[PDB]
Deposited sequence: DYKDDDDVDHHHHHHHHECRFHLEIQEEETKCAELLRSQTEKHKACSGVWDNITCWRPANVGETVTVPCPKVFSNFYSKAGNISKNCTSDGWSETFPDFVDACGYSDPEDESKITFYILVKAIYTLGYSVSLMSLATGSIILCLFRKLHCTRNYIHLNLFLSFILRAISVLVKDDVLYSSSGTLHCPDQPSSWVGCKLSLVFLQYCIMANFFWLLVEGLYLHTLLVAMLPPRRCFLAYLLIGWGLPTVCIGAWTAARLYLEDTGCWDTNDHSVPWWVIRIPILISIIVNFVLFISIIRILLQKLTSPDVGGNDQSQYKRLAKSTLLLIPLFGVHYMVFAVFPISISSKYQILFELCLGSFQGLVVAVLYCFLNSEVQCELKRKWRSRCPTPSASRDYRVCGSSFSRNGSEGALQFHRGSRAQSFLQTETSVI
């Protein structure tokens, strides 16, 4: 795919100069200027930009034109760099930035996986902890694990520099990379929906005096089934609409809003639930500000209100700082959720101490 985008354009005009060679055109459609021209008489020339196989911005939408002579296309009046060249001088710093961010977030997700591998099993293995709250926490930890695995496996099918980069024409590798991308999107959605139900549980235990017994199945529904539907509302809205290559690029608007809205709604509703719970705690504590600040700091990572900022705010701020905020700082959420809900939780340490004393 990296250098395999030139073969299909060669094949699609390979049938040229076979049946049309009977007419002795002045300028035959030779393979010149890495544009497959067509035979034509004197005076026939069409100005064309960079090939649509690239179709990049290039900071200029130039055109390429030639002249027809007896021998053929004698010369090309404009140059490719002059007409639609890349004209990008900041690549030497962009490479450093991209590799730095990639390394930072891959190590962050790796250490998050290492922490939550223990975080989930500690909740699962102990019978005394089996309540609805710990089940929701176990589901949230599993969702972090799924997101981390999906993101760490996306890079292998997309950024594997260890290969020979021959890229065979077989589409099975394309189907594999599409599967990995769909897995990543599903894991991201299921991660942003297992923070919503955290707010739902905390705001249901504090208002409703009768928590229904059948709400655990509903919570599992929103946690897992709804992101599955959202993926279905994306792949089926992208498979035959934007039938592009390996769908890491999100150029079109339709396959991007349909996947951002189920994120923004969750973020907004979780934020409003967070402020409601802060109001409830404040009215509890009104009859000290140190413990209020402590509770707010302890509760910010669980609700995932980090995504509140730099999302409602315009993305026109260099479109780069939010990458640092989320993939570098926010990506450490798994580190700051297992530590203060499975590592420094009093009700779990109270039995880790007796486990450590018993053996």
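Counting the deposited sequence from 1, the stretches lacking C-alpha coordinates are 1 to 19, 307 to 315, 388 to 432.
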